[PDB]
Amino acid sequence: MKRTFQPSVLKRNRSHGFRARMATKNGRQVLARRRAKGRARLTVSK
Amino acid sequence: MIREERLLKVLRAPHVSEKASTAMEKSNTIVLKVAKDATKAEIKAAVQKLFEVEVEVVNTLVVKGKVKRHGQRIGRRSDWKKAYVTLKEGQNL
Amino acid sequence: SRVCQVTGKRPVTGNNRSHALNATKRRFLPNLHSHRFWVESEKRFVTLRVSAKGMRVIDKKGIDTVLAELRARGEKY
Amino acid sequence: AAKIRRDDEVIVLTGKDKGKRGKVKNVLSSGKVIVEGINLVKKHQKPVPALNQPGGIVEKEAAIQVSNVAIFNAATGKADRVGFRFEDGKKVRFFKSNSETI
Amino acid sequence: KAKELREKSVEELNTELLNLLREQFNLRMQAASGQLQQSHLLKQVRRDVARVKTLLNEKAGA
RNA sequence: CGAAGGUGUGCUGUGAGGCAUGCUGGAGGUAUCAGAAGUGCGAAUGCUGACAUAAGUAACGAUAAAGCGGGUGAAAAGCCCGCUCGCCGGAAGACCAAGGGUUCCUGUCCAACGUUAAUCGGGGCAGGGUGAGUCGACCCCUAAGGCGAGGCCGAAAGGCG
RNA sequence: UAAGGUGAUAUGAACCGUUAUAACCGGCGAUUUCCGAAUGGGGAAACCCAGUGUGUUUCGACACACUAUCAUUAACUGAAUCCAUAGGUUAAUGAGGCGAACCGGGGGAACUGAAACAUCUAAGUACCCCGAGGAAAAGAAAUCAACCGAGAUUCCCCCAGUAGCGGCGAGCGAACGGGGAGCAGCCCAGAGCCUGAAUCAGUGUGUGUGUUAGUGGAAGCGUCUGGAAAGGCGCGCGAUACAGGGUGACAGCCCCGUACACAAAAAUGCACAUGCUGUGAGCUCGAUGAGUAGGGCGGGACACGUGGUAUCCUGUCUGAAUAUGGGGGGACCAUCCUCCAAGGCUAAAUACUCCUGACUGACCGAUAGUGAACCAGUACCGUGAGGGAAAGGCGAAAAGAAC
Ligand SMILES: [Mg+2]
Ligand SMILES: [Mg+2]
Ligand SMILES: [Mg+2]
Ligand SMILES: [Mg+2]
Ligand SMILES: [Mg+2]
Ligand SMILES: [Mg+2]
Ligand SMILES: [Mg+2]
Ligand SMILES: [Mg+2]
Ligand SMILES: [Mg+2]
Ligand SMILES: [Mg+2]
Ligand SMILES: [Mg+2]
Ligand SMILES: [Mg+2]
Ligand SMILES: [Mg+2]
Ligand SMILES: [Mg+2]
Ligand SMILES: [Mg+2]
Ligand SMILES: [Mg+2]
Ligand SMILES: [Mg+2]
Ligand SMILES: [Mg+2]
Ligand SMILES: [Mg+2]
Ligand SMILES: [Mg+2]
Ligand SMILES: [Mg+2]
Ligand SMILES: [Mg+2]
Ligand SMILES: [Mg+2]
Ligand SMILES: [Mg+2]
Ligand SMILES: [Mg+2]
Ligand SMILES: [Mg+2]
Ligand SMILES: [Mg+2]
Ligand SMILES: [Mg+2]
Ligand SMILES: [Mg+2]
Ligand SMILES: [Mg+2]
Ligand SMILES: [Mg+2]
Ligand SMILES: [Mg+2]
Ligand SMILES: [Mg+2]
Ligand SMILES: [Mg+2]
Ligand SMILES: [Mg+2]
Ligand SMILES: [Mg+2]
Ligand SMILES: [Mg+2]
Ligand SMILES: [Mg+2]
């Protein structure tokens, strides 16, 4: 049947994108933790 | 549209292929690799000064580089810009 | 915010204690009022967010003295 | 600061060719040398059609640890050891056994 | 080089820079059409250009 | 002139064990007396890996359906060519968007992938291929809603505008 | 510094270099796209679109520079409203973001313990937030003592699981005094006189000395086994060097080192010296921190849970004296002793480790030790926060097996 993941790049980027992380104090902490963990991909990008 | 330092950097290489050979025989059009950030105007000027022939029109596309896997890892070739540069009827080279 | 521009009085925290001595966290707010002071030396009214305590400071020192403290503090009015 | 150098005549101290002498043909960053006529191997070289090259058993000098050779002091007939000193304003090599510059 | 260069004017070094960028264009086309036997030339030209631009810069800077 | 470990054997200890030695192995081992413990495993529906069992069993994914001649090939029910047969046909055709991202075309190869074989493939490798003033985006314009100089508000963080 | 080189898988190609512009090492420079605080505006990061000024042997658009916000300052402007003030533009200077732990502060849990549970505990812990420094904070008595005296702060050892607090339960838990580390004392609340007089900081120069490259660095040969000798055996030698590593088996004497002795054109640390802009020295006569201390109410902090409860902070209401004065000495009073609040600064002993160098381990040795010995915060999973592996060993040498 119909499953839970229905893609939309526009909505992907608006919810989870780099600029959205940067817009709030807590999203900027998501990036900090990820960079400290040494993640290759901070967010899903182009 | 030009400054010579930039014009000299804009054309990278002839591109060879059946499509490109035919485009020359059939349409007096030469196919090139040009700088990624090159514009049709630059390409036109560049071709006209360096290869010293008159240009009719330039068409351009951007080629996506193919990806190749390698066990668990991928490699990616570079995108580049292709230019279809049509010479005027009095054909040269 | 709930802050006296004269004394710095601001919310502080503490407990409600019941008869059975249950502590629940609470605040104590300052007794603030926006009030218009006539400043003679500037032919003008100045509105300060002041605790009542702060008002008594202004009765004692004079508004000129207290506004001078505001400047030196960098605080604008 | 290198004690053994290209074109030196050296004598082998260690290995199957102990005792033989030969000219250093090149020294490798790995601390190994190729000495003429020393430490030969008979490799089975695969054919390569690019050039229509057939295969063959080839004899080549294989690389030998440089610490397995000594500088040869032709003037005394023996293995020797290098040291450094300054003559004129330039650094030189000299044989330990007889204090002579190389 | 780098001294032969340092003893030219700004006028001359711009001329030489053009000359090198032209040579560089021609080598590129040769290599790209599998006609360059001497692959090593590219790096010498590339680096000459650097040297020349590095000197223009040091002459302007003071 | 063969260490540790592995595998046999002989002797010995009440036992946990010990010593000797054949074979394997190929560079380490360690008496004695002391010293310190990540010190002993069959169980915890323990943890990780490896390998059994059921068993060459069930199954091979819509009951739209196949038959033959020729070809390629080491091999052809399945790939190519041909003649027939059957199925869909408000779709099982064609074209957009979203989403994917080279899967497209050609050559070449078949281990693994493909629920079988595979010469074939959306599989491997290489090369090629996407051409715009007027098709779309960008662009100009706004909707819900978002952000928001100053500003209002809030222990701080911030909320609202 | 050099006779070898153009980083790795990783060959090959074309080349560079050998006595000094090959390469390599270190100091100082140059260049340093785009995104990112991101700062010309916008935005779904690495993209879209501008304004103004400059440039066109072609003066097209393309190129180059500037243009974010906030704060302090200045100049020019400028309302309601006469002056003024707000406002407005421009310029100068600064900030912004990131990041280990330690550090000061604003907020502040619960499971749990009490063999249930609410006072109490956990605990001012976890967490969130703000800010700073190489340390932070604290600090030169309105402090203790006890009629003898001590003499700021911080840290360590005792005092002591004591005195106490406590549904006097569970628990919580001092200080006096003693031994130590370290030690350092100043300024304003003001005018005169003498006047740049001690001090600090920014900073030029000097010497000294560290750091960032480096330089020299002793002494073994025969024989046996073996594929190979560092092993056995023989006889030598160095040692302020027998720390360690490598080399075809275990090497003081083969190689790199090690003991010891040395070295910097350049940048930088720290130190004495010195120039500089600024800061003010000592002297006399002054002055002496008020919405404060105290108090009523509610809370909080003190080991101290309101108790007979001193001391501290203060949300709220009040409110002194002025050295002939005031605080404290654990309710309170007298006596006596002691100190001087309502202004500020201050090094050391103390806390820590993202990082750099050197050295060490009765620490691990591939299911261990990091999650990761290996291209791992990867592959993979998840919309996302987030979660998160497996996986080392031919040989001495590829001699990696021609035919
Ligand atoms: Mg196009
Ligand atoms: Mg063992
Ligand atoms: Mg044993
Ligand atoms: Mg024992
Ligand atoms: Mg058991
Ligand atoms: Mg059965
Ligand atoms: Mg059956
Ligand atoms: Mg069946
Ligand atoms: Mg089927
Ligand atoms: Mg088969
Ligand atoms: Mg593919
Ligand atoms: Mg295809
Ligand atoms: Mg198959
Ligand atoms: Mg394919
Ligand atoms: Mg056209
Ligand atoms: Mg808003
Ligand atoms: Mg704002
Ligand atoms: Mg921008
Ligand atoms: Mg716009
Ligand atoms: Mg922006
Ligand atoms: Mg007016
Ligand atoms: Mg900051
Ligand atoms: Mg309980
Ligand atoms: Mg700092
Ligand atoms: Mg301090
Ligand atoms: Mg006394
Ligand atoms: Mg304690
Ligand atoms: Mg003491
Ligand atoms: Mg002392
Ligand atoms: Mg030596
Ligand atoms: Mg061996
Ligand atoms: Mg006083
Ligand atoms: Mg008091
Ligand atoms: Mg009582
Ligand atoms: Mg004071
Ligand atoms: Mg370290
Ligand atoms: Mg592991
Ligand atoms: Mg193992």
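The chains referred to below are lettered A, B, ... by the order of the sequence lines, with proteins before strands, and numbering in each begins at 1. What you see below is based on every heavy atom in this structure, not just the backbone, and it leaves out hydrogens, waters and symmetry mates.
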Review point. Which nucleotide in the list F:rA156, G:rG5, F:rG100 gets nearest to the side chain of A:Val9?
Key: F:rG100
Point to revise | Touch class at under 4.0 angstrom, heavy-atom based, for D:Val27 against every strand present | key: sugar-phosphate
Review point. In which groove, major or minor, does a side-chain heavy atom of E:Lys43 fall under 5.0 Å of a base atom?
Key: minor
Check your understanding: Which part of the nucleic acid, if any, lies within reach of E:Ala50 when heavy atoms closer than 4.0 Å are counted: base, sugar-phosphate only, or nothing?
Key -> nothing
Check your understanding: How is D:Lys96 classified with respect to the nucleic acid when contacts are heavy atoms under 4.0 Å: base, sugar-phosphate, or nothing?
Key -> sugar-phosphate
Point to revise | Nearest to side-chain heavy atoms of B:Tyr84, which nucleotide of G:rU378, F:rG131, G:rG248 | key: F:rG131
Point to revise | Base G:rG387 paired with A:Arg39 side chain (donor-acceptor, <3.5 Å) | key: yes
Review point. Which nucleotide, in any strand shown, forms a Watson-Crick or G-U wobble pair with G:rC352, with both distances under 3.5 Å?
Key: none
Review point. In the strands shown, is F:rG148 matched to any nucleotide by a Watson-Crick or G-U wobble pair with both distances under 3.5 Å, and which?
Key: none
Practice item. Test the consecutive nucleotides F:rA91 and F:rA92 for base stacking (six-membered ring centres under 5.5 Å, planes under 30 degrees) and report the result as yes or no. Key: no
Exercise for review: Sort out the partner of F:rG107 for me: Watson-Crick or G-U wobble, both distances under 3.5 Å, none otherwise.
Suggested key: F:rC125
Point to revise | Paired nucleotide for G:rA63 [Watson-Crick or G-U wobble; both distances under 3.5 Å] | key: G:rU54
Review point. Which atoms form the tightest heavy-atom contact between C:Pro11 and C:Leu29, and what is the distance?
Key: CB-CD2, 3.9 Å
Review point. With both distances kept under 3.5 Å, what pairs with G:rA390, Watson-Crick or G-U wobble?
Key: none
Review point. If pairing requires Watson-Crick or G-U wobble contacts with both distances under 3.5 Å, which nucleotide is the partner of F:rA74?
Key: none
Exercise for review: Indicate, with a heavy-atom threshold strictly under 4.0 Å, whether D:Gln53 touches base, sugar-phosphate, or nothing.
Suggested key: nothing
